[PDB]
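Below is one structure, written out as structure tokens, with a few remarks after it.
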Amino acid sequence: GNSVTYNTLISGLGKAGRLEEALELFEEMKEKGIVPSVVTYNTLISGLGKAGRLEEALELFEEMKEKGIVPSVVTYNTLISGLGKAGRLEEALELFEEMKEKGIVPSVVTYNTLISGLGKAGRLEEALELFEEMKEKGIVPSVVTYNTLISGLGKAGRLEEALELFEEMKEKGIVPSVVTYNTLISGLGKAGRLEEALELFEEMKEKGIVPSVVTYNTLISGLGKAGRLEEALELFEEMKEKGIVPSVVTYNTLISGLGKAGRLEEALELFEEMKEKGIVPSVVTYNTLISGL
Numbered sequence: 001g002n003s004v005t006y007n008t009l010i011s012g013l014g015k016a017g018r019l020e021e022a023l024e025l026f027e028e029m030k031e032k033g034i035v036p037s038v039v040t041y042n043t044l045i046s047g048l049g050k051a052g053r054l055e056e057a058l059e060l061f062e063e064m065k066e067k068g069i070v071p072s073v074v075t076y077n078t079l080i081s082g083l084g085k086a087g088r089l090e091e092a093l094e095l096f097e098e099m100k101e102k103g104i105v106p107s108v109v110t111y112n113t114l115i116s117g118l119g120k121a122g123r124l125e126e127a128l129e130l131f132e133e134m135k136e137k138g139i140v141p142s143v144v145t146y147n148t149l150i151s152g153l154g155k156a157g158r159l160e161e162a163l164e165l166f167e168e169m170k171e172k173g174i175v176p177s178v179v180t181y182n183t184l185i186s187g188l189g190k191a192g193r194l195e196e197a198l199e200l201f202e203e204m205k206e207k208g209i210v211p212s213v214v215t216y217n218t219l220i221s222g223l224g225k226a227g228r229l230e231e232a233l234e235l236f237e238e239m240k241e242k243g244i245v246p247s248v249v250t251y252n253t254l255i256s257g258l259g260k261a262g263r264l265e266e267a268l269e270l271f272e273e274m275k276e277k278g279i280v281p282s283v284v285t286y287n288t289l290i291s292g293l
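Residue numbering for the sequence shown follows the authors' numbering, beginning at 1 and increasing consecutively.
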């Protein structure tokens with residue numbers, strides 16, 4: 001047993017999940033003073049990552065550094081992924097800087113990862129810039145990345161820039177996720193801009209993706225306060241003739257907007273129809289029927 005034996009053996013242990021034994025195997029691949037392969041390090045360290053075991057992985061990465069062994073994307077990208085899941089962002093950005101300083105090219109999933117991170121930790125403006133580096137060196141922003149920026153801006157209330165990133169999204173060709181559109185919906189909705197919203201709902205239902213219940217709900221909430229009851233009923237019987245389950249929020253909304261605009265009976269049979277589908281009639285609905293008699 002020299003080298004590649006050990007390595008493939010580790011390929012097997014690794015895939016089997018028998019990792020501690022692999023680490024110990026490394027201990028015997030080191031005690032007698034031997035050098036493993038970059039492949040081995042990659043896999044072993046990847047396992048180290050997946051199973052949380054991160055710091056040891058870093059130390060082994062440094063050990064690899066003192067061995068002259070050159071990392072390779074998936075290596076770094078892993079490290080990064082690890083540090084990111086644990087939110088140790090800045091250190092990972094540091095190592096990423098090391099990466100680009102040693103000539104190795106950050107991938108797309110790389111930036112995607114960083115951005116996932118920095119977005120999660122809110123520091124957005126630091127990351128938009130990473131993303132713009134990302135375009136300036138060519139690498140295509142996958143839907144992941146974009147949607148990240150989108151949710152970011154969304155909760156940050158930059159609004160406009162996002163829509164730009166959104167209308168430069170579809171134009172670039174890539175497909176806008178569902179979560180995207182529903183979040184955008186939250187965007188325009190909060191701002192109470194029904195028009196541009198609904199038209200983006202038109203722009204989404206025309207591309208082959210299906211709106212979540214949340215979209216409907218909020219939409220008809222905005223409309224719920226907007227007094228355009230009719231088109232809301234339209235979207236909600238459409239909701240029926242689309243399959244989506246009307247949440248208690250939605251039903252309570254319609255019934256409240258109907259409780260805002262009299263009609264009475266329709267809402268009562270809507271209340272029956274609400275029960276027949278199994279639901280928890282919230283007291284606010286009841287009080288809605290109170291404030292209308």
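Cβ coordinates follow ideal geometry from the N, Cα and C atoms, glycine included.
Is residue i helix, strand or coil when you go by DSSP?
| i | result |
| --- | --- |
| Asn2 | coil |
| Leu93 | helix |
| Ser116 | helix |
| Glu206 | coil |
| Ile244 | coil |
| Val108 | helix |
| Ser186 | helix |
| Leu293 | coil |
| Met274 | helix |
| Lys135 | helix |
| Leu198 | helix |
Taking the alpha helix (DSSP H) that residue i belongs to, which residues open and close that run?
| i | result |
| --- | --- |
| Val73 | First-last for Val73: undefined, no H or E at that position. |
| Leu229 | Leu229 to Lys240 |
| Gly17 | Where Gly17 is concerned, there is no enclosing alpha helix (DSSP H), given that its DSSP letter is neither H nor E. |
| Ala226 | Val213 to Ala226 |
| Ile255 | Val248 to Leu258 |
| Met169 | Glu160 to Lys172 |
| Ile290 | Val283 to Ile290 |
| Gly152 | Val143 to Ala156 |
| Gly47 | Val38 to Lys50 |
| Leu54 | Segment: none, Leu54 is in no alpha helix (DSSP H) and carries neither H nor E. |
Determine the contact status of residue i and residue j, defining contact as a CB-CB distance below 8 Å.
| i | j | result |
| --- | --- | --- |
| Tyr111 | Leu130 | yes |
| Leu198 | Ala232 | no |
| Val38 | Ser11 | no |
| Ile279 | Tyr251 | yes |
| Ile174 | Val143 | yes |
| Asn42 | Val74 | yes |
| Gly259 | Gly292 | yes |
| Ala226 | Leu194 | yes |
| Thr183 | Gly154 | yes |
Using the C-alpha atoms, what's the distance from residue j back to residue i?
| i | j | result |
| --- | --- | --- |
| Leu270 | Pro281 | 12 Å |
| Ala92 | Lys67 | 21 Å |
| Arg263 | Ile80 | 59 Å |
| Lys100 | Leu114 | 14 Å |
| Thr288 | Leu268 | 11 Å |
| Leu13 | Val109 | 27 Å |
| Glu31 | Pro211 | 59 Å |
| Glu196 | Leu219 | 12 Å |
| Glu90 | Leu83 | 9 Å |
| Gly119 | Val283 | 38 Å |
| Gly117 | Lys85 | 7 Å |
| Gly189 | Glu265 | 29 Å |
| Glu125 | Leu19 | 39 Å |
Quick one, which of the options has its alpha-carbon nearest residue i's?
| i | options | result |
| --- | --- | --- |
| residue 358 | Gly52, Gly192, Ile244 and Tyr216 | Because residue 358 is not part of the residues shown, which for the chain are 1 to 293, the question remains open. |
| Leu223 | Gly154, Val245, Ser256 and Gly87 | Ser256 |
| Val140 | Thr5, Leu163, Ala162 and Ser107 | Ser107 |
| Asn77 | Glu171, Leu95 and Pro246 | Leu95 |
| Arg123 | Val214, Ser151, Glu160 and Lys135 | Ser151 |
| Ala121 | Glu136, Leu149, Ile104 and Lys135 | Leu149 |
| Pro246 | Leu229, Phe61, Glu276 and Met134 | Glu276 |
| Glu97 | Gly87, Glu63, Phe201 and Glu133 | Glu133 |
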